[PDB]
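Think of it as A, B, C, D, E and F in the order they're written, each chain with its own count starting at 1.
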Amino acid sequence: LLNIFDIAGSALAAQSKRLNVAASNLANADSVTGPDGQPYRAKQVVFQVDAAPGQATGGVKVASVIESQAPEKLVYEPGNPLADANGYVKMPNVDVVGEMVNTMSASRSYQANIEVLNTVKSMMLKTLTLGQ
Amino acid sequence: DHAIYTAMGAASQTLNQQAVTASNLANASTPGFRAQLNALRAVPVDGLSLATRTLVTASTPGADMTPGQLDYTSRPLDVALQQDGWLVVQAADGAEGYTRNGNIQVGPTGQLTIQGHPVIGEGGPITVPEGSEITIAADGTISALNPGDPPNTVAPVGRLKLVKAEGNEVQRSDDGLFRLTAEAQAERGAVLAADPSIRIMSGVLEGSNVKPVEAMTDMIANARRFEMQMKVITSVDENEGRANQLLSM
Amino acid sequence: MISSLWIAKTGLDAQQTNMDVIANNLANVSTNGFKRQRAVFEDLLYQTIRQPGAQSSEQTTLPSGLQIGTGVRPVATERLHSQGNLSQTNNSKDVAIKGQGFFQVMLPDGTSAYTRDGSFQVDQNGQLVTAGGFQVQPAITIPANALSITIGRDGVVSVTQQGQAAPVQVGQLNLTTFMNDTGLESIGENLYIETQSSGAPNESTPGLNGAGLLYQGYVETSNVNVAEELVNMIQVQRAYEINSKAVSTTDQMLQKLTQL
Amino acid sequence: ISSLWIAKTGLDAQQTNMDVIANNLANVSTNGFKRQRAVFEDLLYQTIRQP
Amino acid sequence: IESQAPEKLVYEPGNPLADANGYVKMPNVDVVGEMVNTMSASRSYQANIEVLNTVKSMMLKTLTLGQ
Amino acid sequence: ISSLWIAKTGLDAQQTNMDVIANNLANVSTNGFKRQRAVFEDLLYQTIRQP
């Protein structure tokens, strides 16, 4: 991959993974249980800058999608299993308005990177006709 | 070709205005909050011929010292200042900040603390006996009645210092606390007097003066101005690109 | 992401937190001894960008500098400890409080909590408990065949036996007062636990050392002013709509930026 | 959303209260009947840590 | 070099990497300025590419001096 | 925003008045009880400057 194609494509892939995390969280808000039987722990993506060796700058890496450590807001239903003593269901800790804002932000970052790719691509086609 | 920069400036700076409004607007229902009004400054670019360009730099001239409207809570030690009044508070670094938040609180050990970094009055931080049962008077005197003593023992335990200052002679200081502008310091000095004419409204709080009406058109005009800037940028780049064919061949 | 989006986001979250407070506050009407809870917000540190210049005062000039600022983080949920009204239950084991004070209670895990709630009962062994079996301290044990129980105005609890023309004094139901009542850590179930912001509890007989008196047969009511809550609900709804408009405006501007 | 959950709990408690009131009212003219009072209790409180 | 914008903050005291008075440090990018920077950078690059082509054509017609 | 809080203060004053009326009306046939009247008062005025 050429350099800017790599940088912008990494931005696009990272934004897509962020959007998928947001969509998953937004969709599993108010979801009592997982498969094993556990609260659905809300997810977050952490953005590191790519290119640790060399120039220290360029591109984004979002490895190790992690768990947001907010306290798993509870509801009281001591007729439902999955409630401990002092019956309390576990009820995912997803901040829905945060997820909507996050979705809009991810979409806008995505589109900005699309636009920069377009401009640079016109530039590169002009480059190759260098002389001939 | 450099026109784009000017347009960019406007667009960028308009976003800053938006930011201000947003922080100005999320802070409704924040006690005693002072709206940070904002303006745009033309900046000419005085040069060697044909002074044609001007930038659009964003600015916040100050805060809106229009008293927000009062909420009656009947809580004995919730204070509302009259117009142009301020409660003096020992800031984090230590200096007399000025606030309109009268939501006074007492610690276990008797420190009057408008949200902590305590309040300053007639001496250092005001201290009261631990079984406070505080009452705050109209001119600022604070009286305390221990709960298990005859009520004719409400001898005053302190005074709440109040200060008159408004607008041109007050600026925000990167916290919710205001200070003097250092132009009002070769004036009424570093530490102001108590001004024994500012009154207290007890049992009543003050809300933020965030005018939703002017904020809504702030945002409408901001959006319209932004996309006008985008149109100018589009035309400028298309001009330059179609122009670039001169030099070839 | 630009600052405008996230600033409006924290405004929306603050309004949501205020609505959570109001909804809890409104659900807990008809909860004896409940204290209404008020959300208090605060602004965040202002990011200064350009310090103001000097006021040359030669001409009237705008004092323009630039600081943007952000955020409306919730800084507190105060508890307003004002005396609530009383309701007659005709229930002998019930009790309400006259003035400042709380009942000390032994939790199963051994720590002591405190409650402004008087709907007492007696377990099968005779001990005073609180609608949930929490022992009241110090333990008060009732004999098996008491004709009537009486809790006086300073907590001296006594019973009448068949035959005695004298109410044997069976226990003392003493109160506990805190230096800062508002700082208590409400752990639910109508119980508070003392924390560093409230000071150590000072235990004393009712009516002495600032503690209140006891009213037998009456229970304290929740001091929730529904007019306040309704008007606050209107405020919260309209502030939420305003911040939503701010988010929408910023998003549309960002769209227009990213088209070109 | 949490506000809806809280308000649903409030509505459930008021409707349980109304059920108790109605059972008391119906059983008037029932010999030896002892009326009932519903005693309520708040739930756990979510703590948000201040930095 | 490294831009000296004031390094805008956000407030999420649930996320690590937020210090006391939880503030995620949030890099200081002026997005519209960077959009315009790329826009103008592409335009200037295209101009210089063209200058290269024009000079080469000049020089190849220099070779046809005489004949 | 503004008129909302003003009218809320009005509601609170009317409610305090009704509370005092209720305490007066309940305590009829209480010996030596002296009836109570609540006197109200407008809050701080804000001055808008004329140029």
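By definition in this document, contacts are C-beta pairs under 8 Å (C-beta built on N, C-alpha and C of every residue); 3 or more make two chains touch, one makes a residue touch a chain.
Not counting chain B, which chains belong to the same connected group?
one piece
Report which interface contains more C-beta contacts, comparing C-F against A-E.
A-E
Averaging only over C-alpha atoms, locate the centres of chain C and chain D and give their separation in whole Å.
19
Calculate how many whole Å lie between the centre of chain A and the centre of chain D, each centre taken as the average of the chain's C-alpha atoms.
Result: the chain centres lie 42 Å from each other.
Suppose each chain is reduced to the average of its Cα coordinates; what separation in Å results between chain B and chain F?
Centre-to-centre distance between chain B and chain F: 32 Å.
Provide the C-alpha centroid distance between chain E and chain F, rounded to the nearest whole angstrom.
Inter-chain centre distance comes to 65 Å.
Scan chain B for residues touching two or more other chains and write them down.
In chain B, 11, 15, 28, 74, 212, 233, 237 touch at least two other chains.
Tell me, which residues of chain C touch at least two other chains?
Where chain C meets two or more other chains at a single residue, that happens at 2-3, 6, 8, 10, 16, 45, 48-49, 68, 70-71, 75, 235, 238, 257-260.
For chain E, which residues are shared contacts with two or more other chains?
Residues 21, 31-32, 35, 39, 46, 53 of chain E touch two or more partner chains.
What is the complete set of touching chain pairs?
Every pair of chains in contact is listed here: A-C, A-D, A-E, B-C, B-E, B-F, C-D, C-E, C-F, D-E.
Can you list the chain B residues touching chain F in their complex?
For chain B paired with chain F, touching residues are 28, 66-67, 69-72, 74, 80, 82-83, 199, 201, 204, 207, 210-212.
For chain E, which residues count as touching chain C in their complex?
Those in contact with chain C are residues 6, 8-11, 21, 23, 31-32, 35.
Along chain D, where are the residues that touch chain E in the complex?
Going by the criterion above, the answer is residues 49-51.
So in the complex, which bits of chain B are touching chain E?
1, 4-5, 8, 11-12, 15, 233, 237, 240-241, 244, 247-249
Write out the stretch or stretches of chain D touching chain C in their complex.
Contact set of chain D toward chain C: 1-3, 6-7, 9-10, 13-14, 17, 37, 39-45, 48, 50.
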